[PDB]
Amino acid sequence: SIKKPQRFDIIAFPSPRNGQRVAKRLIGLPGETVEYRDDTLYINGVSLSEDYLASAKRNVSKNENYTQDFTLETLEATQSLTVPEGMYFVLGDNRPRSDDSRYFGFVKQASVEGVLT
């Protein structure tokens, strides 16, 4: 049973940077806009909670946002309105220590070797 990846699934794939196997969370799917504003995830302008980040967000500060403000247009690595056909936008839960789509750009769907459970 190879499940078709859904949002917030954890997926393993070779890094677009160096080909090293890495695990990241599926955040954006083909056709969608992705935005972070004030530490909240917006997909197609729809606010989505991330209860898996709440525990980590307890050790930051009043000032600091755990994830910086961005759109797919703001990011040097993406420069795009939407996630392209046949591609994913992924982010790591340890956000300030994560090499993810914010920095290595979109991930090819075809290169994903599994959903991780």
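Residue numbers here begin at 1 and follow the sequence given.
The mean Cα B-factor in the deposited entry runs higher for 51-59 than for the other of 70-78 and 51-59. 4-12 and 107-115 differ in mean CA B-factor, and the higher of the two is recorded for 107-115. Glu32: CA B factor in the lowest third of modelled residues in this chain (values from the PDB entry). Placement of the Cα temperature factor of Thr40 within the chain: middle third of the modelled residues, per the deposited record. Ranked by Cα temperature factor within the chain, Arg17 sits in the highest third according to the deposited record.
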